[PDB]
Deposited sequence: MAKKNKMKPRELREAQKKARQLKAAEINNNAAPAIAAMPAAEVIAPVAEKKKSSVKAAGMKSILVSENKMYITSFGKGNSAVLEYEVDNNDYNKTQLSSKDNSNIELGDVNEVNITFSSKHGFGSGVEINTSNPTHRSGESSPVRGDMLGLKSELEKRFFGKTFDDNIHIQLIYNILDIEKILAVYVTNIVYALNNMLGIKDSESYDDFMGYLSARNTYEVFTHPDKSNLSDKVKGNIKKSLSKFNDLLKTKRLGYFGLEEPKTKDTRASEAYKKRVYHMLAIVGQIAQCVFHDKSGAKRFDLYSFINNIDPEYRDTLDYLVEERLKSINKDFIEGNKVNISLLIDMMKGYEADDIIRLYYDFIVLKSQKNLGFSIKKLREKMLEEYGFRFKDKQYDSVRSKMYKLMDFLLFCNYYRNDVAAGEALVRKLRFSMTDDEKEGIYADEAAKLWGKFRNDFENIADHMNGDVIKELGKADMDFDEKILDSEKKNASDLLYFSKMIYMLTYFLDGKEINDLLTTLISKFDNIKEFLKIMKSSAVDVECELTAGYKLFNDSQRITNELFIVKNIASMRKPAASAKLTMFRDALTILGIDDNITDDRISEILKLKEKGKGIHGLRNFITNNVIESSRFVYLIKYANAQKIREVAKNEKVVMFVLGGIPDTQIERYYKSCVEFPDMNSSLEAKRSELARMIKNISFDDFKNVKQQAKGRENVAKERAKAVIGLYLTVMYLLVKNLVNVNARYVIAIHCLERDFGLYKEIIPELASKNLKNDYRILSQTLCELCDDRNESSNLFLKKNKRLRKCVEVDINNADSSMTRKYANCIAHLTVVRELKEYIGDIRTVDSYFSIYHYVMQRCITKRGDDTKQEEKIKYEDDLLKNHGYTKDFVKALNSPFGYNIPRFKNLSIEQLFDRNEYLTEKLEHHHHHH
């Protein structure tokens, strides 16, 4: 695969105004450098960049081509030719519209008027991306909270919550002046809130009820939990339509408009995390700081301390424009293969932090130019191999300069030294970090709200949500900046709902810090009896087991020291496992254990895992390994082990193992790690496939509201009655009269009629069931029921479609007969169910055809 020569050469964007064109080049990060202004009529050019700032030299410009060359050596200064974007056939305007044709309507909603430019729409599409990611996360969180109850038919208790109602009104609905019917809705949802608290399952999210029976602390805890759930419910109302087809418009303003008590909760949660990190930070990191201060002979100790705090909390090394971790991995891969020995496994995080910090200070302070040089090389790179080679070449240069330092760090990486350093006094003052320290008061409420949301998410979910949000705010701030520049000077005033986007630069910086602090391991909640039941059940246990029996086996009631080995082993390897929490939150322990019985599903997951990893698992988990075993034999053994696992296998585990006792203990931990990882891989992949469908539904509801204003035919229609209405209406018009604003259907007749055939196969009832199943994660909920039937498991996509197809046809549909017959998903059934997304051709083809669905599959394809 080759990257764009225009992107590589340094050309970031060509913005089109009414009679002018603005050309930008890449600045640091996502910064745009205004280079030239070009008149669209006589092609006159004005350079806007300074000679020092300029990255590209503009050559001839004509109606069809733009010519430029890099000022920094890309392709040795060779001329590059790109299309003049104003040049399009059968289009009068130089500025193009969106494929959906909603550009004018969207500009009105966001800026209050239409514009003869393509800049505002680009910013608006970025905001739409934020809503798409929020819709996926709100759906997942709402489902997990419902699953925590054990719903059984979907009464969504999140639905009756309102961030508008204070905790007092929520606890006392008949103690206010609200609609009689409203009072009733609160009661129903207040019951479920008390039910959820009863389960103790909120402990999984780090939300632990108070140890004391203090009514004050208890109500304080309940009030914070109520605010979090109400805020989640409020976000869901903003990105999903109700039965009336209406959505709240205060997604970006509500956190600052609602009662201030909610803000106190957001402040409390952030303060709790920031206060612990900020308290005696030097004392808390004295080991690594002391080693760094001795090693970094060129630096002042207070400067090293300030840099280390940034490295931990601000993570400035993640804003260099290159991966420091990738450089460290390359160094160890080719030179430091010694540091990869199992001997350093116990100290691997600490060692990597020291190595990463030395590399960080090298490019952030000592050699900034080298960092900028490396970014330019990576930007100029045209293939993945070239990029890997650039990291490899730089690793060689880094190894020559730090190999002695890395070896010194390796020498200090041992319990003796680390324990000694921990005891050692650090003669340092607390107030050195007074300037660098970040506090809750320094963050906007929207950023604090995103931090709060992270409580319900695992590490990957936090990374995916925060990285997407940070990228969108970063793009939105750049667009506002270009528009407000003297050279461009376009109006761009956001309407009342979107005033938040004026602080996009601050939000991008704050969200970055939130991603860092949210990724840190939360203080563990005390393991509850319910958690122990989930842990025993996932492993395999008697369906009839009682709470009294579980407590006796784990000696939960008994008081004493060293008699809780089994309880400790289950807590350390199961309850505290991120994979286990993900499985409990989105699935059910008993159903997961049953699904694990299926070798076909298990083998499919095992097949995905790399061969060397499978070999490591085989060596670690099998008591009597067959050395001459084939890779398929190793996968089969691992699969059989997962099939026969049970709680009974770990009843005699010795937490305090000594000598060869350790061998059995280590084997038991490896087996549980492998079992939890495989089940987690299956459930996570299914939730991820489902998220693509959540996006389509969110877009369809969103697009319906936008088209409705510009399509008179849709005026009486309700989406909930028939999800196929947007694609159906748009299709007919195309065939009807060159009348359509949707470029996808209008431009492609074959793609327009293709969707029609699919729309006809569908029905209002089926599509409604599909929309409900997508939002309710029914495919994960009913995985055990139909998963066993599947004849062959070859993709998550095929697994998801078969289960959904069984849930939809359950008690007719035309495809039901071939479905139960074939024991495989029906492709045409998929196109039919996806018919409501026909209007968006790329989304419809990506979600309908397996080969196009996953960006990571079929890399070896031309």
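K.L.:
Can you give me the gaps, meaning deposited-sequence stretches with no C-alpha coordinates, in sequence order?
P.N.:
Comparing the full sequence with the modelled residues, the uncovered ranges come out as 1-49, 202-204, 864-871, 923-930.
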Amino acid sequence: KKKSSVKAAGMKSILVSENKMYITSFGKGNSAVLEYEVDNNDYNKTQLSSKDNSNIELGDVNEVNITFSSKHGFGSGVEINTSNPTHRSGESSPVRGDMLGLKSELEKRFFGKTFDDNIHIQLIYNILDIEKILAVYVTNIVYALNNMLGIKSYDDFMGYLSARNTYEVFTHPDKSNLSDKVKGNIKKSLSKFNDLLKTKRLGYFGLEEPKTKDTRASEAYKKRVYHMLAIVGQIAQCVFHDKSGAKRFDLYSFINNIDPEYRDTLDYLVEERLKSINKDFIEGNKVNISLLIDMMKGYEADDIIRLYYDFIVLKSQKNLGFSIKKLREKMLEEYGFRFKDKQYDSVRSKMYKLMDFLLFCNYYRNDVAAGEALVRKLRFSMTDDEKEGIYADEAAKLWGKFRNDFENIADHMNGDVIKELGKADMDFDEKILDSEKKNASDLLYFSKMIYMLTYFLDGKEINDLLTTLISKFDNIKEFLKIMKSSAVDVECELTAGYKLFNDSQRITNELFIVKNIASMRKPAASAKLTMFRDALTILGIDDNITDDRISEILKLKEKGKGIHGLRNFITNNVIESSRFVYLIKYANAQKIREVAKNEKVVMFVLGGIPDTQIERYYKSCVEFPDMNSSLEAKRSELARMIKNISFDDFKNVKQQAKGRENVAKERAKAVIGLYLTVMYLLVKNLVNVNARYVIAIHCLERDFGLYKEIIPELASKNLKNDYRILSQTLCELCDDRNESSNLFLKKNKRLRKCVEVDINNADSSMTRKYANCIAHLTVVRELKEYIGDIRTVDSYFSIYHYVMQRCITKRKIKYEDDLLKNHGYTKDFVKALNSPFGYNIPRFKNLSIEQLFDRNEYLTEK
From here on, numbers count along this sequence of modelled residues.
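K.L.:
Mean Cα B factor from the PDB record: higher for 747-755, or higher for 155-163?
P.N.:
So the stretch with the higher mean C-alpha B-factor is 155-163.
K.L.:
On mean Cα temperature factor in this entry, is 431-439 or 360-368 the higher one?
P.N.:
Per the PDB record, 431-439.
K.L.:
According to the deposited entry, which of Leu128, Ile312, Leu733, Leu556 has the largest Cα B-factor?
P.N.:
That would be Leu733.
K.L.:
Which is it among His564, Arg88, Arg224, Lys377: the one with the largest CA B-factor in the entry?
P.N.:
Within the set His564, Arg88, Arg224, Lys377, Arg88 shows the top C-alpha B-factor.
K.L.:
Which third of the chain holds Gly29 when residues are ordered by C-alpha B factor: lowest, middle or highest?
P.N.:
Ranked within chain, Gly29 CA B lands in the lowest tercile.
K.L.:
Pull the Cα B-factor of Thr265 out of the PDB entry and bin it into the chain's lowest, middle or highest third.
P.N.:
According to the entry, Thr265 has a C-alpha B-factor in the chain's middle third.
K.L.:
Should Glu461 be placed in the lowest, middle or highest third of its chain by the C-alpha B factor in the entry?
P.N.:
Its C-alpha B-factor, which the entry lists for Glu461, ranks in the lowest third among residues of this chain.
K.L.:
Among all modelled residues of this chain, ranked by Cα B factor, put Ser5 in the bottom, middle or top third, i.e. lowest, middle or highest.
P.N.:
Lowest third of the chain for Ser5's C-alpha B-factor.
K.L.:
Which third, lowest, middle or highest, does the CA B-factor of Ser17 fall in along this chain?
P.N.:
According to the entry, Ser17 has a C-alpha B-factor in the chain's highest third.
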